[PDB]
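What follows is a single structure, written as structure tokens, with notes after it.
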Amino acid sequence: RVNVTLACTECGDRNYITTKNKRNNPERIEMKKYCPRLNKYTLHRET
Amino acid sequence: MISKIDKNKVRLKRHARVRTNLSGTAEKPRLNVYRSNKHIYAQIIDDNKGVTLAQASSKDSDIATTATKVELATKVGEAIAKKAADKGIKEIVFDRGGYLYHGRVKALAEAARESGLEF
Amino acid sequence: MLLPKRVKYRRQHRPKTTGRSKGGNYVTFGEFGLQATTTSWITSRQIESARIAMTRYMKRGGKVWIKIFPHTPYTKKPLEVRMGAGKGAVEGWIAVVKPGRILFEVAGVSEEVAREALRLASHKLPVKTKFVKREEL
Amino acid sequence: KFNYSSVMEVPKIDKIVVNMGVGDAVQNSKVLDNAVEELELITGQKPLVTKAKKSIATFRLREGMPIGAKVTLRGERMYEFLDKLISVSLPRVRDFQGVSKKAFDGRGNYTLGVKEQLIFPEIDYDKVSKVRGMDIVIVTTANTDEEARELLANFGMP
Amino acid sequence: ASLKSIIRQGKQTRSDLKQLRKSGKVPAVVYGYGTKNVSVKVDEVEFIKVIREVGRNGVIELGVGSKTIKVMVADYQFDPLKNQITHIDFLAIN
Amino acid sequence: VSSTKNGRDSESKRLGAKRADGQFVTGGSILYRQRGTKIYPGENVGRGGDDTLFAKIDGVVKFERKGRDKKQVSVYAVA
RNA sequence: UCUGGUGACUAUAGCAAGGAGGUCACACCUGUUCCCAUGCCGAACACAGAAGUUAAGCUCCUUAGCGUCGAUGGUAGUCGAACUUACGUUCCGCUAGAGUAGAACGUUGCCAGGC
RNA sequence: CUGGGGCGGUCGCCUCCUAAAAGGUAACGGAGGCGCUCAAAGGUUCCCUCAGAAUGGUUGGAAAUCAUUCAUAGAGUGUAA
RNA sequence: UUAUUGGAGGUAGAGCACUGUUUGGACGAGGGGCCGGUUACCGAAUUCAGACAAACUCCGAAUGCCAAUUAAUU
């Protein structure tokens with residue numbers, strides 16, 4: 001159970017921090033969030 | 001012994017659970033529907049005062065024909081549409097009763113929609 | 001002697017002793033009984049002591065009921081230590097009786113024998129008593 | 001002796017329910033699959049496996065572990081299937097009485113027993129590595145237990 | 001069996017009841033068929049007399065003011081200490 | 001040497017009613033703090049994440065029964 | 001006036017028992033071709049019709065059988081006061097719980113149809 | 001800190017009783033928990049209703065599974081109350 | 001501060017509807033005396049009567065508390 005940092009490819013900054021269980025989810029997780037620089041939802045990926 | 005359950009009474013449970021945040025307010029009055037094995041009824045209600053304002057049904061002599069039944073639902077929908085159009089043809093809320101939104105009640109609602117009412 | 005098989009709490013507050021008897025003020029199983037007239041705790045050694053004394057005078061003739069059961073545990077500290085480092089260990093079981101509570105009931109003997117057996121039993125108890133009969137009228 | 005006031009008031013057999021039984025599988029998952037295949041071969045309704053409802057003490061059981069299977073035969077095709085199966089199993093049973101005298105729980109339950117004997121009467125389960133006992137239950141749409149036994153007595157052996 | 005009664009006037013305080021019981025008098029009430037509720041008082045020894053003669057379940061010719069009413073004793077409170085009756089209910093029997 | 005295993009408690013939470021029946025309140029005033037719903041929200045009254053009951057308009061408070069054995073609070077406008 | 005839809009009211013409204021009713025409603029009821037669907041089953045859901053039936057659901061009349069409601073009077077407890085150290089007493093207000101008499105087999109709003 | 005001090009125990013947070021029907025309220029008074037977990041055990045839209053008891057029935061550990069009736073949460077609710 | 005009116009809350013007291021504790025008596029199902037069964041005895045369930053509770057509650061005061069009135073005194 002660790003901390004993760006979701007990163008926006010275009011936004012150029014990392015402004016979403018969440019948690020995860022490395023055992024159940026060894027993969028890197030993806031989800032779309034809102035980036036207040038493009039004014040729209042874009043895909044975010046764990047670093 | 002196998003005991004078969006009354007279907008109408010099971011409907012009222014579902015209806016009361018649905019009808020918790022849905023209420024008529026004299027600007028959005030509640031559109032209720034009651035269907036039987038032969039007929040379909042409708043009613044516009046303002047729950048804030050507990051008074052109804054309009055009414056239409058399939059067994060009415062106005063809409064009398066042998067359409068399958070769904071077309072009867074369509075025409076009664078279009079009919080209560082104008083009766084409500086006489087006054088306050090505006091936003092309403094649709095009280096599906098306890099019925100699954102499908103088939104006959106769905107046809108009634110689409111008819112009322114495509115005819116002027118703003119829900 | 002008499003004590004519950006299990007309780008939820010082993011260390012309890014002590015009962016209230018002022019007032020009058022709440023229930024159990026009538027003879028309902030036998031025909032004679034012993035009524036209390038003052039207030040006290042009964043300690044479950046006194047109950048057995050009084051029951052043995054009363055049941056042997058009747059020569060196993062009649063029947064006896066005990067309308068009292070010790071439900072409450074009381075504690076006591078080891079030999080005179082300083083005050084206050086926790087509550088002590090359980091030492092006995094008590095029942096609280098107030099004026100009007102029937103204590104024993106007998107049946108199946110003459111009124112004379114009953115009077116004598118209850119008098120014998122009342123001398124082992126820390127409470128003033130009174131012979132009563134099954135009410136009527 | 002019917003004396004029906006109206007034709008609507010006439011006791012008829014409501015439905016039939018047959019369960020695969022215990023089917024408790026510690027390591028018999030393949031045996032459970034074979035029993036499911038057998039239940040599907042017997043009657044023409046898709047067999048639905050069951051699951052545990054509790055955690056039995058001192059038993060290889062937890063919340064899940066699909067130990068069991070049930071099928072619900074109530075359709076006209078299922079009715080004809082049950083009737084033909086009863087007629088056939090009546091010969092292979094080889095019993096004078098056939099059924100217990102007191103089978104109803106008062107409500108009108110069949111609760112018949114099966115010990116894998118007449119089971120697989122159509123195709124001899126020579127490939128089977130275990131026995132497949134069953135539990136056929138018949139639902140009586142009748143209030144009276146005696147009248148229900150009398151109605152089931154027609155086309156029946158008890 | 002004939003018991004005579006006296007009507008209690010309104011609102012007896014607890015000292016009044018205590019003085020009343022310190023006599024041989026017993027507070028009581030009568031209610032039921034053909035009557036409105038009336039608060040009365042009764043002498044204790046006469047009540048015990050008539051009850052020892054008519055039995056626990058019997059009829060009494062209770063006299064209330066100017067009327068007389070057939071009545072039956074519905075309930076009664078009793079002090080186990082002091083051995084004295086402390087209240088009685090009377091039930092008109094039609 | 002004897003000791004005890006009991007020594008601890010948590011801080012008290014100041015639950016219960018915070019406004020009176022018949023009193024005039026402003027918009028988001030808290031009316032009742034609780035665990036669970038001992039009292040339900042009625043008319044013009046919301047329910048927070050910690051089950052806190054609060055007013056949604058200005059008006060007067062009214063506690064009132066709900067069914068056989070339940071209660072609710074409402075706020076009514078003119079005052 | 002009857003029935004139906006939809007609301008308000010702490011079961012005085014409920015559960016139980018007995019008895020009657022139908023083309024004006026409603027339901028059981030016919031079937032699964034189509035919309036749709038069932039860990040399987042047109043059982044349930046959904047759709048298409050009107051052959052039968054009041055048997056059931058439901059509606060009306062009877063009963064207080066269980067459940068619910070419930071006085072008056074008395075008792076317990078207790079604010080205040082006055083005595084007192086009694087496992088207390090006296091005065092004055094408030095006044096239970098249990099129990100008894102008794103009530104009760106619902107009351108009422110809006111709409112449509114029938115009257 | 002401490003019913004002198006030492007020795008022993010304890011030190012932050014959560015829930016209950018003591019607590020005297022608002023809130024608050026002490027003792028080395030009486031009982032227990034925490035230093036996380038979940039990618040669904042989060043959101044929304046649709047459905048659905050239990051334990052248990054009772055009677056039957058291959059295996060039946062008495063009760064596993066199946067069927068009927070009653071059954072107010074007695075079931076269940078990640079983790080103490 | 002008092003009169004009147006409205007409200008939140010579970011103490012005293014009571015009670016046993018739940019969770020625990022307890023005394024008698026029935027009823028039956030079971031093991032079981034036997035020669036499988038009688039009876040005993042043993043344990044479980046439902047019942048009838050009667051009791052106990054700081055961490056029980058189908059109930060539930062007196063007081064105290066929060067408020068509002070062109071109310072009366074201060």
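Every chain in the structure tokens has a letter given in the order shown (A, B, ...), and although residue numbers restart at 1 in each chain, ligands are simply numbered from 1 in the order shown.
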
| said: Set the distance at 12 Å and use only C-alpha atoms (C1' of nucleotides): which residues neighbour residue 18 (chain A) once local chain neighbours fewer than 2 positions away are removed? I'd like the list as a ChimeraX atom specification. | reply: /A:1-7,14-16,20-21,29-31,45-47 /H:39

Interface residues on chain G facing chain E, 12 Å, only C-alpha atoms (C1' of nucleotides), written as a PDB file with C-alpha atoms (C1' of nucleotides), in the first residue's frame:
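File selection_27.pdb, as written:
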ATOM      1  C1'   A G  71     -59.535   6.747  31.577  1.00  0.00           C
ATOM      2  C1'   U G  72     -61.213   7.731  36.935  1.00  0.00           C
ATOM      3  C1'   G G  73     -59.493   6.365  41.799  1.00  0.00           C
ATOM      4  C1'   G G  74     -55.135   4.727  44.483  1.00  0.00           C
ATOM      5  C1'   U G  75     -49.881   3.725  44.998  1.00  0.00           C
ATOM      6  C1'   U G  90     -44.605  15.725  58.686  1.00  0.00           C
ATOM      7  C1'   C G  91     -46.864  19.497  55.272  1.00  0.00           C
ATOM      8  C1'   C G  92     -47.627  21.448  50.236  1.00  0.00           C
ATOM      9  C1'   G G  93     -47.526  21.096  44.653  1.00  0.00           C
ATOM     10  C1'   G G  99     -53.645  -3.163  36.490  1.00  0.00           C
ATOM     11  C1'   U G 100     -59.338  -2.298  35.939  1.00  0.00           C
ATOM     12  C1'   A G 101     -63.958   0.025  33.244  1.00  0.00           C
ATOM     13  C1'   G G 102     -63.963   1.005  28.330  1.00  0.00           C
TER      14        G G 102
END

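Residues in contact with region 100-105 of chain B at up to 10 Å, not including ones fewer than 2 positions away on its chain and judged by only C-alpha atoms (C1' of nucleotides), are residues 33, 34, 35, 40, 69, 70, 71, 72, 73, 74, 77, 96, 97, 98, 107, 108, 109, 110 and 111 of chain B; 35, 36, 45, 46 and 47 of chain G; 46 and 47 of chain H.
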
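A straight line drawn from CA of residue 58 (chain B) to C1' of residue 33 (chain G) is 25.1 Å long.
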
| said: For the alpha helix (DSSP H) assignment from backbone DSSP, which residues of region 61-121 of chain C qualify? Please present them as a VMD selection string. | reply: chain C and resid 111 to 121

Expected file: the selected residues, N, CA, C and O atoms, as a JSON list (two decimals), in the first residue's frame:
[["chain", "number", "residue", "atom", "x", "y", "z"],
["C", 111, "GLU", "N", -49.36, -26.15, 61.07],
["C", 111, "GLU", "CA", -49.01, -24.75, 61.34],
["C", 111, "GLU", "C", -48.03, -24.64, 62.49],
["C", 111, "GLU", "O", -47.15, -23.78, 62.49],
["C", 112, "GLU", "N", -48.14, -25.53, 63.48],
["C", 112, "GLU", "CA", -47.25, -25.51, 64.62],
["C", 112, "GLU", "C", -45.81, -25.82, 64.22],
["C", 112, "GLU", "O", -44.87, -25.10, 64.57],
["C", 113, "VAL", "N", -45.64, -26.92, 63.48],
["C", 113, "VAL", "CA", -44.31, -27.30, 63.00],
["C", 113, "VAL", "C", -43.73, -26.22, 62.11],
["C", 113, "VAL", "O", -42.53, -25.92, 62.19],
["C", 114, "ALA", "N", -44.55, -25.62, 61.26],
["C", 114, "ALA", "CA", -44.06, -24.55, 60.40],
["C", 114, "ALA", "C", -43.58, -23.37, 61.22],
["C", 114, "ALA", "O", -42.50, -22.82, 60.96],
["C", 115, "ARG", "N", -44.37, -22.95, 62.20],
["C", 115, "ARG", "CA", -43.95, -21.86, 63.08],
["C", 115, "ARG", "C", -42.61, -22.16, 63.71],
["C", 115, "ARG", "O", -41.71, -21.31, 63.72],
["C", 116, "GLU", "N", -42.44, -23.38, 64.22],
["C", 116, "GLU", "CA", -41.19, -23.70, 64.91],
["C", 116, "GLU", "C", -40.00, -23.73, 63.95],
["C", 116, "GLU", "O", -38.93, -23.22, 64.28],
["C", 117, "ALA", "N", -40.17, -24.31, 62.77],
["C", 117, "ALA", "CA", -39.06, -24.39, 61.83],
["C", 117, "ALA", "C", -38.65, -23.02, 61.33],
["C", 117, "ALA", "O", -37.46, -22.71, 61.22],
["C", 118, "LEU", "N", -39.63, -22.16, 61.04],
["C", 118, "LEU", "CA", -39.27, -20.82, 60.60],
["C", 118, "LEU", "C", -38.64, -20.02, 61.72],
["C", 118, "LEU", "O", -37.73, -19.22, 61.46],
["C", 119, "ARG", "N", -39.09, -20.21, 62.96],
["C", 119, "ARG", "CA", -38.42, -19.54, 64.07],
["C", 119, "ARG", "C", -36.97, -19.99, 64.18],
["C", 119, "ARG", "O", -36.08, -19.16, 64.39],
["C", 120, "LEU", "N", -36.72, -21.29, 64.03],
["C", 120, "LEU", "CA", -35.34, -21.77, 64.05],
["C", 120, "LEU", "C", -34.51, -21.13, 62.95],
["C", 120, "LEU", "O", -33.37, -20.72, 63.18],
["C", 121, "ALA", "N", -35.06, -21.06, 61.74],
["C", 121, "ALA", "CA", -34.31, -20.47, 60.64],
["C", 121, "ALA", "C", -34.07, -18.98, 60.81],
["C", 121, "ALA", "O", -33.05, -18.48, 60.32]]

| field | residue 22 (chain H) surroundings by only C-alpha atoms (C1' of nucleotides), 12 Å radius, close-in-sequence under 3 positions cut, as a list in words | value | residues 14, 15, 16, 17, 18, 19 and 20 of chain F; 7, 8, 9, 64, 65 and 66 of chain I

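The residues of chain G lying at most 10 Å from chain D, with only C-alpha atoms (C1' of nucleotides) taken into account, are residues 28, 29, 39, 40, 41, 42, 43, 52, 53, 54, 55 and 56 of chain G.
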
| residue 48 (chain I) surroundings by only C-alpha atoms (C1' of nucleotides), 12 Å radius, close-in-sequence under 5 positions cut, as number ranges by chain | I: 24-27

With a cut-off of 8 Å, could you pull out the residues of chain C touching chain H and give me the nearest pair of atoms for each, distance in Å to one decimal, using only C-alpha atoms (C1' of nucleotides), ordered by chain and ascending number, as a tab-separated table?
residue	atom	partner	partner_atom	distance
C:11	CA	H:30	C1'	7.1
C:12	CA	H:30	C1'	7.8
C:82	CA	H:3	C1'	7.2
C:83	CA	H:3	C1'	6.1
C:84	CA	H:28	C1'	6.7
C:85	CA	H:28	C1'	4.7
C:86	CA	H:28	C1'	6.6
C:87	CA	H:29	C1'	7.6

| query | Could you pull the residues within 12 Å of residue 30 (chain I), counting only C-alpha atoms (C1' of nucleotides), minus those fewer than 3 positions along the same chain, as a PyMOL selection string? | reply | (chain H and resi 62) or (chain I and resi 42-45)

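As for CA of residue 35 (chain C) and CA of residue 99 (chain C), they are spaced 7.7 Å apart.
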
| query | If you run DSSP on this backbone, which residues of region 91-155 of chain D come out as strand (DSSP E), and could you give them as a PyMOL selection string? | reply | chain D and resi 135-140

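For the pair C1' of residue 2 (chain I) and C1' of residue 94 (chain G), the interatomic distance is 17.5 Å.
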
| said: Residues near residue 51 (chain H), anyone? I mean within 9 Å using only C-alpha atoms (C1' of nucleotides), not counting same-chain ones fewer than 4 positions away, as a list in words. | reply: residues 73, 74, 75 and 76 of chain H
